[PDB]
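Student: Please find one structure pasted underneath; my questions will follow.
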Amino acid sequence: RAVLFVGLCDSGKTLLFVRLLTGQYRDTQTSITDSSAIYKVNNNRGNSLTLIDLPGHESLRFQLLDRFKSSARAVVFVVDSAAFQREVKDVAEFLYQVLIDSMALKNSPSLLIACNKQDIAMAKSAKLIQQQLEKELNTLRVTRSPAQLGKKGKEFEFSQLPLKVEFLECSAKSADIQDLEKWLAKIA
Amino acid sequence: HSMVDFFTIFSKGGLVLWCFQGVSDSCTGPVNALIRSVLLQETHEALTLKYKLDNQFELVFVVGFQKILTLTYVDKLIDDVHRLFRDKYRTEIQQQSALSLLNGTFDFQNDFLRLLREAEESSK
Ligand SMILES: Nc1nc2c(ncn2[C@@H]2O[C@H](COP(=O)(O)OP(=O)(O)OP(=O)(O)O)[C@@H](O)[C@H]2O)c(=O)[nH]1
Ligand SMILES: [Mg+2]
């Protein structure tokens, strides 16, 4: 089945997609449509997954996530770890909709939060990104202008979710995508 | 001077397939193209950046050029480049899988210089 890569513009979805499929680097520009290709997993049986790279632009992100969500075995939400500090709110807001969409599904897809661009010095760790995102989703479920996140009476945390949710670190620039290929293998 | 100072062809998926930026270098961006083609070559000229789409095979052609009034010649260069590119590489681009673009070699430089050198004669 399909693995959807989603995230804000410039989080690195297309470059990861390329790195996973060719092991190489390639110049890219902002994506305006989705792209897909078959990925042969690293494990013995070598199962095949269909990677689908979804544009992060606001005008297209939901239209396309809606179109492909029911076909998803897994969702990889990509995060620019170096720009995280200034983009936190935009990230949390998009992830919120991704969490909701995912839970409202018959067979909830497994979900990964790939903290990308680790090769850049100022990059926040996956541990710190998880912490700040929980704190932020915690405010959003109250301010957000019926499926809901965790329990209303307790501070939000990803573990309270009826979904498999993992965090890992990576870099698309060869690259450092070992953990990501491990996880992809594991969910195939 | 040159009819175009910048030219890049990428898929709508965001994959750059080929780009030109002088017989001098290999595309470092429109800004450097404006610095090298205009600033270091003399109101002064600006660089107009326009695009053309191929919706059937999901391609975007972006060109940067000087002198807004040469737009007709630039537009013809784009059309000729488009027609040739889509024929020479139809196999790599009609496929759905991105691997098809990822594994193709788009060595278009020579066919492009020819079309450029050729379009700069139609202008005269
Ligand atoms: N240093 C560094 N740069 C990266 C990394 N991943 C992507 N980039 C660069 O970041 C820019 C944006 O990456 P893309 O893959 O095109 O971004 P995207 O998420 O697909 O962006 P949209 O198509 O707009 O949704 C490119 O210049 C990439 O080469 C990374 O891990 N480290
Ligand atoms: Mg992209």
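Going by the structure tokens order, chains are called A, B, ..., each with residues numbered from 1, while ligands are numbered from 1 in the order shown.
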Around ligand 1, out to 8 Å and counting only C-alpha atoms and all ligand atoms, which residues are there? I want them as a ChimeraX atom specification.
Tutor: /A:6-17,25-32,53-57,78,80,116-120,170-173,175 /B:13-14
Student: Kindly save the residues from that selection, with C-alpha atoms included, as a CSV table (one decimal), in the first residue's frame.
Tutor:
```
chain,number,residue,atom,x,y,z
A,6,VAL,CA,3.2,15.4,3.8
A,7,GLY,CA,4.5,18.6,5.5
A,8,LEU,CA,5.0,22.3,5.0
A,9,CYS,CA,6.7,23.6,1.9
A,10,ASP,CA,10.4,23.1,2.0
A,11,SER,CA,10.3,20.5,4.8
A,12,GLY,CA,12.2,18.2,2.3
A,13,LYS,CA,9.5,15.8,1.1
A,14,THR,CA,10.6,15.6,-2.5
A,15,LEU,CA,14.3,15.3,-1.7
A,16,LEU,CA,13.6,12.4,0.8
A,17,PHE,CA,11.4,10.8,-1.8
A,25,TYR,CA,20.7,14.1,-4.6
A,26,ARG,CA,18.7,16.1,-7.2
A,27,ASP,CA,17.8,19.8,-7.4
A,28,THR,CA,14.1,20.4,-6.8
A,29,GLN,CA,11.6,23.3,-7.0
A,30,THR,CA,8.3,23.8,-5.1
A,31,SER,CA,6.0,20.9,-6.1
A,32,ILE,CA,2.6,21.6,-7.7
A,53,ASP,CA,5.0,12.7,-2.4
A,54,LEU,CA,2.3,15.4,-1.6
A,55,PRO,CA,2.8,19.1,-2.3
A,56,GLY,CA,3.0,21.2,0.9
A,57,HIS,CA,1.5,24.3,-0.5
A,78,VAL,CA,8.2,15.7,7.3
A,80,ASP,CA,12.3,21.0,8.7
A,116,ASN,CA,14.5,16.2,8.7
A,117,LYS,CA,17.5,18.5,7.8
A,118,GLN,CA,19.5,17.2,10.9
A,119,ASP,CA,22.7,17.8,8.9
A,120,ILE,CA,22.2,21.6,9.5
A,170,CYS,CA,17.0,12.2,9.3
A,171,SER,CA,18.8,14.2,6.6
A,172,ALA,CA,18.2,14.1,2.8
A,173,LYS,CA,21.6,15.7,2.2
A,175,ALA,CA,22.4,11.1,3.1
B,13,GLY,CA,6.3,17.0,-9.0
B,14,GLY,CA,9.3,19.4,-8.4
```
Student: Using only C-alpha atoms and all ligand atoms, find each residue of chain B with at least one atom at most 12 Å away from an atom of ligand 2; report its shortest atom-to-atom pair and that distance in Å (one decimal), sort the rows by chain and rising residue number, and return the result as JSON lines.
Tutor:
```
{"residue": "B:10", "atom": "CA", "partner": "ligand 2", "partner_atom_place_in_ligand_line": "1 (Mg)", "distance": 11.6}
{"residue": "B:11", "atom": "CA", "partner": "ligand 2", "partner_atom_place_in_ligand_line": "1 (Mg)", "distance": 10.3}
{"residue": "B:12", "atom": "CA", "partner": "ligand 2", "partner_atom_place_in_ligand_line": "1 (Mg)", "distance": 9.0}
{"residue": "B:13", "atom": "CA", "partner": "ligand 2", "partner_atom_place_in_ligand_line": "1 (Mg)", "distance": 6.4}
{"residue": "B:14", "atom": "CA", "partner": "ligand 2", "partner_atom_place_in_ligand_line": "1 (Mg)", "distance": 5.4}
{"residue": "B:15", "atom": "CA", "partner": "ligand 2", "partner_atom_place_in_ligand_line": "1 (Mg)", "distance": 8.1}
{"residue": "B:16", "atom": "CA", "partner": "ligand 2", "partner_atom_place_in_ligand_line": "1 (Mg)", "distance": 11.0}
```
Student: Go through B:106, B:89, B:7, B:112 and flag the residue nearest residue 48 in chain B, using only C-alpha atoms for the distances.
Tutor: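 Ranked by minimum distance to residue 48 in chain B, first place goes to B:7.
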Student: Would you mind writing down, as a ChimeraX atom specification, each residue of range 11-114 of chain A that DSSP on the backbone assigns to strand (DSSP E)?
Tutor: /A:35-40,48-53,72-80,110-114
Student: Would you write out those residues with N, CA, C and O atoms, as a tab-separated table (two decimals), in the first residue's frame?
Tutor:
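Written out: again.tsv:
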```tsv
chain	number	residue	atom	x	y	z
A	35	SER	N	3.57	13.14	-6.78
A	35	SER	CA	4.36	12.24	-7.58
A	35	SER	C	4.45	10.92	-6.80
A	35	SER	O	4.39	10.88	-5.56
A	36	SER	N	4.55	9.82	-7.52
A	36	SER	CA	4.56	8.52	-6.86
A	36	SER	C	5.50	7.56	-7.57
A	36	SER	O	5.81	7.74	-8.75
A	37	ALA	N	5.95	6.54	-6.85
A	37	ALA	CA	6.84	5.53	-7.39
A	37	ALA	C	6.93	4.35	-6.43
A	37	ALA	O	6.69	4.49	-5.22
A	38	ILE	N	7.31	3.19	-6.96
A	38	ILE	CA	7.41	1.99	-6.15
A	38	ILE	C	8.72	1.88	-5.37
A	38	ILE	O	9.80	2.10	-5.91
A	39	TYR	N	8.62	1.52	-4.10
A	39	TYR	CA	9.79	1.37	-3.25
A	39	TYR	C	9.93	-0.08	-2.76
A	39	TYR	O	9.03	-0.60	-2.09
A	40	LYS	N	11.04	-0.74	-3.11
A	40	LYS	CA	11.27	-2.11	-2.65
A	40	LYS	C	11.95	-2.00	-1.30
A	40	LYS	O	13.07	-1.49	-1.18
A	48	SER	N	6.82	-4.34	-1.44
A	48	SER	CA	6.82	-3.10	-2.20
A	48	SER	C	5.78	-2.14	-1.65
A	48	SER	O	4.65	-2.52	-1.36
A	49	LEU	N	6.18	-0.88	-1.48
A	49	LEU	CA	5.28	0.17	-1.01
A	49	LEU	C	5.18	1.22	-2.13
A	49	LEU	O	6.06	1.31	-2.98
A	50	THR	N	4.09	1.97	-2.18
A	50	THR	CA	3.99	3.02	-3.18
A	50	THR	C	4.21	4.37	-2.48
A	50	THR	O	3.34	4.85	-1.79
A	51	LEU	N	5.40	4.95	-2.64
A	51	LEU	CA	5.65	6.24	-2.01
A	51	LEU	C	4.91	7.29	-2.83
A	51	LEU	O	4.94	7.26	-4.07
A	52	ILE	N	4.20	8.18	-2.13
A	52	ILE	CA	3.46	9.28	-2.76
A	52	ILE	C	3.88	10.59	-2.07
A	52	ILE	O	3.64	10.78	-0.88
A	53	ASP	N	4.53	11.46	-2.84
A	53	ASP	CA	5.02	12.75	-2.36
A	53	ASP	C	3.93	13.78	-2.57
A	53	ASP	O	3.58	14.05	-3.69
A	72	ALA	N	-3.74	5.06	2.20
A	72	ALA	CA	-2.53	5.05	3.00
A	72	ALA	C	-2.35	3.99	4.07
A	72	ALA	O	-3.18	3.81	4.96
A	73	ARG	N	-1.23	3.30	3.97
A	73	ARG	CA	-0.85	2.30	4.93
A	73	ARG	C	-0.06	3.05	6.01
A	73	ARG	O	-0.02	2.64	7.17
A	74	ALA	N	0.56	4.16	5.59
A	74	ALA	CA	1.36	4.97	6.50
A	74	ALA	C	1.51	6.39	6.00
A	74	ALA	O	1.41	6.66	4.80
A	75	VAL	N	1.76	7.30	6.93
A	75	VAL	CA	1.93	8.70	6.64
A	75	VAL	C	3.21	9.16	7.30
A	75	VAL	O	3.42	8.86	8.47
A	76	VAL	N	4.06	9.85	6.54
A	76	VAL	CA	5.32	10.40	7.06
A	76	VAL	C	5.14	11.89	6.99
A	76	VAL	O	4.98	12.46	5.90
A	77	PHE	N	5.11	12.52	8.15
A	77	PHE	CA	4.94	13.96	8.22
A	77	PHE	C	6.36	14.50	8.35
A	77	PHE	O	7.02	14.29	9.38
A	78	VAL	N	6.83	15.18	7.31
A	78	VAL	CA	8.18	15.74	7.31
A	78	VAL	C	8.30	17.13	7.94
A	78	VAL	O	7.48	18.01	7.70
A	79	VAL	N	9.32	17.31	8.75
A	79	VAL	CA	9.55	18.57	9.46
A	79	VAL	C	10.96	19.14	9.23
A	79	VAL	O	11.95	18.42	9.37
A	80	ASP	N	11.05	20.41	8.87
A	80	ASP	CA	12.34	21.04	8.69
A	80	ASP	C	12.80	21.29	10.13
A	80	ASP	O	12.33	22.22	10.77
A	110	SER	N	-0.37	4.04	10.03
A	110	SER	CA	0.69	4.22	10.99
A	110	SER	C	1.26	5.63	10.64
A	110	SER	O	1.29	6.02	9.47
A	111	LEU	N	1.71	6.39	11.64
A	111	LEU	CA	2.21	7.74	11.40
A	111	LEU	C	3.61	8.06	11.91
A	111	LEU	O	3.93	7.81	13.06
A	112	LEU	N	4.47	8.61	11.06
A	112	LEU	CA	5.82	8.96	11.49
A	112	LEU	C	6.05	10.45	11.36
A	112	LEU	O	5.57	11.10	10.43
A	113	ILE	N	6.79	11.00	12.31
A	113	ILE	CA	7.13	12.41	12.28
A	113	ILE	C	8.64	12.38	12.00
A	113	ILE	O	9.42	12.10	12.91
A	114	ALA	N	9.04	12.66	10.76
A	114	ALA	CA	10.44	12.66	10.38
A	114	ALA	C	11.04	14.04	10.51
A	114	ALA	O	10.75	14.94	9.72
```
Student: Per residue of chain B within 12 Å of chain A, what are the shortest atom pair and its distance in Å to one decimal, counting only C-alpha atoms, with rows by chain and residue number, as a tab-separated table?
Tutor:
```
residue	atom	partner	partner_atom	distance
B:8	CA	A:29	CA	10.4
B:9	CA	A:29	CA	10.2
B:10	CA	A:29	CA	7.6
B:11	CA	A:31	CA	8.2
B:12	CA	A:32	CA	5.2
B:13	CA	A:31	CA	4.8
B:14	CA	A:31	CA	4.3
B:15	CA	A:28	CA	4.8
B:16	CA	A:28	CA	5.2
B:17	CA	A:27	CA	8.4
B:18	CA	A:27	CA	9.6
B:19	CA	A:27	CA	10.2
B:26	CA	A:27	CA	11.9
B:27	CA	A:27	CA	10.5
B:28	CA	A:27	CA	10.8
B:29	CA	A:27	CA	11.5
B:53	CA	A:32	CA	11.5
B:55	CA	A:33	CA	10.8
B:57	CA	A:33	CA	11.7
B:58	CA	A:33	CA	8.4
B:59	CA	A:32	CA	10.3
B:60	CA	A:32	CA	9.9
B:61	CA	A:29	CA	11.8
B:62	CA	A:29	CA	11.1
B:95	CA	A:37	CA	10.5
B:96	CA	A:36	CA	7.5
B:97	CA	A:37	CA	4.8
B:98	CA	A:37	CA	5.4
B:99	CA	A:37	CA	6.2
B:100	CA	A:37	CA	8.9
B:101	CA	A:37	CA	10.5
B:102	CA	A:22	CA	7.4
B:103	CA	A:22	CA	8.2
B:104	CA	A:22	CA	11.7
```
Student: Selection from above, C-alpha atoms, as a PDB file, in the first residue's frame, can you write it?
Tutor:
```
ATOM      1  CA  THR B   8      15.117  25.417 -16.518  1.00  0.00           C
ATOM      2  CA  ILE B   9      12.802  22.495 -17.120  1.00  0.00           C
ATOM      3  CA  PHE B  10      11.303  20.668 -14.136  1.00  0.00           C
ATOM      4  CA  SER B  11       8.406  18.293 -13.461  1.00  0.00           C
ATOM      5  CA  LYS B  12       5.298  19.528 -11.681  1.00  0.00           C
ATOM      6  CA  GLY B  13       6.337  17.028  -9.007  1.00  0.00           C
ATOM      7  CA  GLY B  14       9.269  19.380  -8.352  1.00  0.00           C
ATOM      8  CA  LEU B  15      12.102  17.477 -10.021  1.00  0.00           C
ATOM      9  CA  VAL B  16      14.585  19.631 -11.964  1.00  0.00           C
ATOM     10  CA  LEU B  17      15.302  17.637 -15.174  1.00  0.00           C
ATOM     11  CA  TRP B  18      17.572  20.071 -16.987  1.00  0.00           C
ATOM     12  CA  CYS B  19      18.648  23.694 -16.758  1.00  0.00           C
ATOM     13  CA  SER B  26      25.441  25.148 -14.773  1.00  0.00           C
ATOM     14  CA  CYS B  27      22.472  27.047 -13.295  1.00  0.00           C
ATOM     15  CA  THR B  28      23.176  28.783  -9.975  1.00  0.00           C
ATOM     16  CA  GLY B  29      19.910  30.739 -10.017  1.00  0.00           C
ATOM     17  CA  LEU B  53       3.353  24.468 -18.840  1.00  0.00           C
ATOM     18  CA  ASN B  55      -0.097  19.689 -18.582  1.00  0.00           C
ATOM     19  CA  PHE B  57       3.230  15.229 -19.173  1.00  0.00           C
ATOM     20  CA  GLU B  58       3.449  17.531 -16.134  1.00  0.00           C
ATOM     21  CA  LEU B  59       6.325  19.835 -17.102  1.00  0.00           C
ATOM     22  CA  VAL B  60       7.181  23.437 -16.281  1.00  0.00           C
ATOM     23  CA  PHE B  61       9.511  25.583 -18.393  1.00  0.00           C
ATOM     24  CA  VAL B  62      10.915  28.640 -16.660  1.00  0.00           C
ATOM     25  CA  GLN B  95       5.211   7.287 -17.631  1.00  0.00           C
ATOM     26  CA  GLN B  96       3.481   7.750 -14.290  1.00  0.00           C
ATOM     27  CA  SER B  97       6.260   6.550 -12.021  1.00  0.00           C
ATOM     28  CA  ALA B  98       8.722   9.239 -10.913  1.00  0.00           C
ATOM     29  CA  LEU B  99      11.494   6.619 -11.284  1.00  0.00           C
ATOM     30  CA  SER B 100      11.085   7.199 -14.986  1.00  0.00           C
ATOM     31  CA  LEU B 101      12.292  10.823 -14.608  1.00  0.00           C
ATOM     32  CA  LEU B 102      14.730   9.893 -11.889  1.00  0.00           C
ATOM     33  CA  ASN B 103      16.457   7.274 -14.046  1.00  0.00           C
ATOM     34  CA  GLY B 104      16.449   9.231 -17.302  1.00  0.00           C
TER      35      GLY B 104
END
```
Student: Which residues, written as a list in words, have at least one atom at most 12 Å from residue 144 in chain A, with only C-alpha atoms counted and residues fewer than 3 positions away on the same chain left out?
Tutor: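 After dropping sequence-adjacent residues, the list is residues 92, 93, 94, 96, 97, 136, 137, 138, 139, 140, 141, 148 and 149 of chain A.
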Student: Compare A:147, A:91, A:188, A:177 by their minimum atom-to-atom distance to residue 19 in chain A, counting only C-alpha atoms, and give me the closest one.
Tutor: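 Of A:147, A:91, A:188, A:177, the one nearest residue 19 in chain A is A:177, counting only C-alpha atoms.
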Student: For a test of reading the model, state the distance in Å between CA of residue 44 in chain B and CA of residue 66 in chain B, rounded to one decimal.
Tutor: 10.1 Å
Student: What is the CA of residue 74 in chain B to CA of residue 51 in chain B distance in Å?
Tutor: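 The value is 11.1 Å.
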Student: What does the distance from CA of residue 166 in chain A to CA of residue 20 in chain A come to in Å, to one decimal?
Tutor: 18.7 Å
Student: Do you know which residues are at most 12 Å from residue 122 in chain B counting only C-alpha atoms, after dropping those on the same chain fewer than 2 positions away, and could you put them as a list in words?
Tutor: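 Counting only the stated atoms, we get residues 3, 70, 72, 73, 74, 76, 77, 115, 116, 117, 118, 119, 120 and 124 of chain B.
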Student: Identify, with DSSP run on backbone atoms, the residues in range 36-157 of chain A assigned to alpha helix (DSSP H), and express the list as a VMD selection string.
Tutor: chain A and resid 58 to 68 84 to 103 126 to 143
Student: Quick one: of A:41, A:2, A:123, A:83, who's nearest to residue 183 in chain A, counting only C-alpha atoms?
Tutor: A:41
